[PDB]
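The chain below stands alone and is given as structure tokens, in the form deposited in one PDB entry.
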């Protein structure tokens, strides 16, 4: 069994010449040479079977990624595991190799307006498909946007994804959430479980703002500090937007704050395209009911050079204990086995 930085990374004779790429969620990511297709590929190692939550997220992602087929969503090319449930300890998922990701790119490279436009188009085109399947990604952020050497973009990491459930979205104030802090919509901290498509649009808005300046727009240091940052830029919500928050703890928290003026987008982003800032404003709307939807964002003047709904496909249908989850992961990966 081949080893990378101390641990087994045992991907049969098909995949050879491994190089470390970085850490994943339940194991490391390597590139390898695929001896069948004659290309380097990415392989992530997953060791989820001790835990309910790890099994859950591994299984959720495999089921989603095998059902989805879209140019802006990372696919699964192969899955490696032992031939029996008893022998199966790790699972390896083989995917297209992508040079970089948007997090790495933003740390090192200024983006032209033409690159920002293209990246945002491809994000929204992929998101149209995800939302058309009644699925929410729920952790969109730069590190989850893979890019290749020609700037093709693919959304990855469906481990926090959920089927949309707007009728069960309401919750109380300061209810814990799992998804990445800087890209969390204000309502998560106020009255939302993150069960609507509007959650993902907020994240895309944050990504757009970050593409404009190379800096996260709302770099909170902790749960309610995230809301401090958002209100610092958007300013105090209007009476109408406040009246939408029926929960009294959440409403009265907002009422307790001193008045904060909106910071104009063109003062934060003096070099940005004005059409990009109009779209940014519509994605970073406080009230999730007023927030632009993915198909409307694609139709925004900023993206007019690329917008083509006939070339922005949708999904053919809506998407629908640890021992049982190991069995389910085993059954779900069976199609990749020899015989």
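Note that the rigid core is defined as the largest set of C-alphas that superpose within 1.5 Å between two forms. Residue numbers count along the first chain shown, from 1.
Absent from the display: the form deposited in another entry. The rest refers to it.
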Shift test between the shown form and the other one (rigid core reference, C-alpha, 2 Å or more cutoff) over 100, 247, 134, 228 hits only 247
C-alpha of residue 109: shift of 2 angstroms or more between the shown form and the other one, rigid core aligned?
-> no
Residue 151: CA shift of at least 2 Å between the shown form and the other one after core fit?
-> yes
Quick read on residue 150 and residue 215 CA atoms in the other form, 3 Å or more from the shown distance, and they're closer
Did residue 150 and residue 15 drift closer or farther in the other form, going by a CA distance change of 3 angstroms or more?
-> farther
